[PDB]
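Heads up: the sequence lines are chains A and H, in that order. Residue 58 in this note's numbering is what sits at position 58 of the first sequence, and the numbering runs on without skipping anything. Residue 1093 in this note's numbering is what sits at position 93 of the second sequence, and the numbering runs on without skipping anything. Idealized CB from N, CA, C, for every residue including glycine. Everything below concerns the one structure shown next.
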Amino acid sequence: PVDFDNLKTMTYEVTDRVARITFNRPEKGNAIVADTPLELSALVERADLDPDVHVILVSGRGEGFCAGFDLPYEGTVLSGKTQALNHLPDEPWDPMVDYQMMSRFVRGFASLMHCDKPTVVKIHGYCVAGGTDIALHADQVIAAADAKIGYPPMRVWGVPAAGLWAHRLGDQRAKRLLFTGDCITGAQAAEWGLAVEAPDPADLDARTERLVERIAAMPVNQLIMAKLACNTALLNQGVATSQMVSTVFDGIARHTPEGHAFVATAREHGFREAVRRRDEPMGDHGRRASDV
Amino acid sequence: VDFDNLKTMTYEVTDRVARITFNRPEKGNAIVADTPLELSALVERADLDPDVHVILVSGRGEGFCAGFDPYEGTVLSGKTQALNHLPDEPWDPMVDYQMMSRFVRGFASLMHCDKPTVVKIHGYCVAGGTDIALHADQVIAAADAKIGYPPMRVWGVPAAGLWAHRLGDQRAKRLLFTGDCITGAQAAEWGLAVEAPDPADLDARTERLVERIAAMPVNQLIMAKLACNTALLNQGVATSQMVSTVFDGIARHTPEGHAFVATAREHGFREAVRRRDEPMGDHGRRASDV
């Protein structure tokens, strides 16, 4: 059970009518850990139920919003032992054991889509890999013009479990990114309709505060109705099915020969080196742009 | 939810079957604030237990469920919700939606969970009871069980929004345009239930069904449910549920809804219900002759 007085991965503060959910592992690029979806969904529910909250603002401390997945469950399918056993390469694995695990990460992230009140994600720096599985669920994404946004583990070791790229970008632009693992800038993300605006990084915080203040100025009842109305169209696109099959695919990506070889490199040399070997050949390692 | 101090239902695993059994028979297993919370917590517990293959939901007493029967400083507080049911001031349908949608969210655990869910209906499953039951993957009903949504007559619209998905347009409308109930035998004929044993055989036929499902590997079962649910959810279930939950709030706040409550306060709820149904000839356990 989440303890609001001892949160592990993020902070919560209500200022006037804005509930601020702020990731708090800056030293690790706010990388996603087992408590991340639990804390996110609990805090989103708390904001939903607080009559003084009109809007939820999600952001991260440090150099970027979120770098993706980090490299009481005993006797459950989610136990560390069960999951580790299910990642051995030389024995048959169980994709449904994997599904039960990864679908619950996505379930927690999807709180930003299915909650009653408006959600805003502010992206500075980078929002890559699993970070996008969080961000794309938000109602409004506002990104620094120079932010790096995409899903590089398409190259090896993941398929976006949230399954939202086609819903947020359309077929052609989603395929452009998922067939390459390439990232786009925040500026491109606004041009492509992934973000609602892309202020220069110096103006990001001010434009974000401006956006959330305008939303918070609206009555809660009006906001909830607008969201229900818009979500009828969104969910009718088959979002639930995209997320299910993508979560299955993500488990497959982590268990193919390619996926195991990436993990073997990370085990031997660290995740940083594994990521370097993945991206340096493509010219976009680090904060580098992919020139889409 | 404290698994050692449950208020509305019990939880027991026998072999590979997780039994979630309602435990307020003196109140017809009527739904209260804790019911959706306990249901969804126990369903999750079952999903995560590798020794569980199937979830069996049932009720103690004379029937499955008769329908609807901490949050301080939240929108769900008793004070906030009571204020929102006053007749002579404008009410807020989104304050109501935040409350009723969360009952439905809990009940929808039976649809969205990973493992198969079976509901066993004896006696009755009416009104809010059907908002729970129709989410289950398999419904098995005594041939003489009474099933339907009588508060379509006044004071509700089925918040789960599942009748058209489970019966198709014509049969759903037949029940929702009248508040009539069907027997368990008719539920099987109409595909709402997978079978309708005589009441003396229901428990044995239910154990038989759950045993056949429990004999399958968990991974196979989860995949079958995922594959089938793609088609189910593509019917627009999310939308049906959302709009119906808004409509249920409306039903509770129309002049008709408020008049029903005024009758319940003067004569008691049991008598307000008798006066609703007796003119339609189907009060209590009486059949509707659909």
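Query	Result
For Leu1006 of chain H, collect the residues of the same chain with a Cβ closer than 6 Å to its Cβ; drop the 5 residues on either side in sequence, then sort them by chain order.	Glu1038
Once the 5 residues before and after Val1057 of chain H are set aside, which same chain residues still bring their CB inside 6 Å of it?	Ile1020, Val1119
Are the C-beta of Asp1114 of chain H and some C-beta of chain A separated by less than 7 Å?	yes
Determine whether the Cβ of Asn1219 of chain H lies closer than 7 Å to any Cβ atom of chain A.	yes
Along the chain, where does the beta strand (DSSP E) containing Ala1145 of chain H start, and where does it finish?	Run containing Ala1145 of chain H: none; DSSP gives neither H nor E here.
In the DSSP assignment, the alpha helix (DSSP H) including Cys1065 of chain H goes from what residue to what residue?	Neither: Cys1065 of chain H is in no alpha helix (DSSP H) and is coded neither H nor E.
Tell me the rounded alpha-carbon separation between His87 of chain A and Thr247 of chain A.	16 Å
With DSSP collapsed to three states, give me the class of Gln140 of chain A.	strand
Quick one: what does DSSP say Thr247 of chain A is sitting in, helix, strand or coil?	helix
In this structure, does DSSP put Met10 of chain A in helix, strand or coil?	strand
For a cutoff of 7 Å on Cβ pairs, would you count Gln100 of chain A as touching chain H?	yes
Are the C-beta of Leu1233 of chain H and some C-beta of chain A separated by less than 7 Å?	yes
Exposed or buried, what is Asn30 of chain A when buried is set at 16 or more other beta-carbons lying within 10 Å of its beta-carbon?	buried
Measuring alpha carbon to alpha carbon, tell me which residue in H:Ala1214, H:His1112, H:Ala1041 is nearest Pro1050 of chain H.	H:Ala1214
Count the C-beta pairs between the region 238-256 of chain A and the region 158-168 of chain A that are closer than 8 Å, then say yes if the count reaches three, no if not.	yes
So, does the CB of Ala1159 of chain H fall closer than 7 Å to a CB anywhere in chain A?	no
On the CB-based measure, 16 or more other CB atoms within 10 Å of its CB, does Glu74 of chain A come out buried or exposed?	exposed
Nearest by alpha-carbon distance to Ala34 of chain A: which of A:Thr9, A:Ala47, A:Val55 is it?	A:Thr9
Compare the C-beta of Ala84 of chain A against all C-beta atoms of chain H and say whether one is closer than 7 Å.	no
Counting only Cβ-Cβ distances shorter than 9 Å, please list the residues of the region 40-54 of chain A near chain H, keeping chain order.	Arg46, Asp48, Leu49, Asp50, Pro51
Grab the span of the beta strand (DSSP E) containing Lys1120 of chain H for me, first residue to last.	1117-1121
Quick test of your reading: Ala1133 of chain H and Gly1067 of chain H, contact by CB under 8 Å. State the CB separation rounded to the nearest angstrom.	That pair is no contact at about 11 Å.
Which residue wins for smallest C-alpha separation from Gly1191 of chain H, given the options H:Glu1207, H:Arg1205, H:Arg1171?	H:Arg1171
Distance, Cα to Cα, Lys148 of chain A vs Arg277 of chain A?	19 Å
Output needed in chain order: residues of the region 196-225 of chain A with a Cβ under 8 Å from some Cβ in chain H.	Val220, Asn221, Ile224, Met225
Identify each residue in the region 1062-1082 of chain H for which the Cβ-Cβ distance to at least one residue of chain A is less than 7 Å, and report them in chain order.	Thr1074, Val1075, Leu1076
Pick helix, strand or coil for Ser79 of chain A, following the three-state DSSP scheme.	coil
At the 7 Å Cβ level, is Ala1251 of chain H part of the contact set with chain A, yes or no?	no
Which value, in whole angstroms, describes the spacing of the CA atoms of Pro1 of chain A and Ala42 of chain A?	9 Å
Assuming contact is defined by CB atoms lying nearer than 7 Å, are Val1013 of chain H and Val1054 of chain H in contact in what I supplied?	no
Beta-carbon within less than 8 Å of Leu211 of chain A's beta-carbon, same chain only, minus the 5 sequence neighbours each way: which residues are those?	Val120, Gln140, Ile142, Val196, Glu197
What first and last residue would you give for the alpha helix (DSSP H) that runs through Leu194 of chain A?	It is not in any alpha helix (DSSP H) - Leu194 of chain A carries neither H nor E in the DSSP assignment.
Among A:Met154, A:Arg214, A:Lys117, A:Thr185, which one has its Cα closest to the Cα of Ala229 of chain A?	A:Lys117
Could you give the distance in angstroms between the alpha-carbon of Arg1212 of chain H and the alpha-carbon of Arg1016 of chain H?	11 Å
Is the region 1219-1235 of chain H in contact with the region 89-99 of chain A, if contact means three or more CB pairs nearer than 8 Å?	yes
Return the residue from the list H:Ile1031, H:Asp1047, H:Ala1200 that minimises the CA-CA distance to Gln100 of chain A.	H:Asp1047
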